[PDB]
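Take a look at this single chain, the form deposited in one PDB entry, given in structure tokens.
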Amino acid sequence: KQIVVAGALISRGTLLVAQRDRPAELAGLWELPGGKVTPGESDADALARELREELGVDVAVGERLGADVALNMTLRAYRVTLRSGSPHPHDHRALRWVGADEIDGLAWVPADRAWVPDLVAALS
């Protein structure tokens, strides 16, 4: 199982979500950003690397958020917190900061939908 990590970045009381740009089936839909773990990397090292490339930030990787999602690979989310930088959509169509009440109305990528109740809880 190839592991894919995702980050739930909470800052000043809101969650960062990222709007995919590709492929066509996901372009326009929202996700927790991240990517594949390369063999030899820890989950923390992979997620920090992905978020530095995608968002231009240095984050600290914390506790898991929610459960694994079986894509077929397996997707796991972690809480992350900002160390330096301000996020910009280098690899996404857009970013947004959302509160608890916005989470269930967002047009999530299908895999991430499972985390809705966990994200609401984390913001509540």
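Just count from 1 along the sequence shown to find any residue number.
Although not depicted, the form deposited with a small molecule bound is the subject of the following passage.
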Checklist entry - Is the gap between residue 111 and the small molecule in the deposited complex 4.5 Å or less for some heavy atom pair? => result yes
Checklist entry - Does at least one non-hydrogen atom of residue 75 fall within 4.5 angstroms of the small molecule in the deposited complex? => result yes
Checklist entry - Taking heavy atoms and a 4.5 Å cut-off, does residue 87 contact the small molecule in the deposited complex? => result no
Next on the checklist: Can you work out whether residue 31 and the small molecule are in contact in the deposited complex, taking contact to mean some heavy atom pair no more than 4.5 Å apart?
Outcome noted: yes
Item to check | Single option in 67, 60, 94, 26 placed near the small molecule in the deposited complex, where near means a heavy atom within 4.5 Å | outcome: 26
Checklist entry - Looking in the deposited complex, is the small molecule within 4.5 Å of a heavy atom from each of 99, 104 and 123? => result no
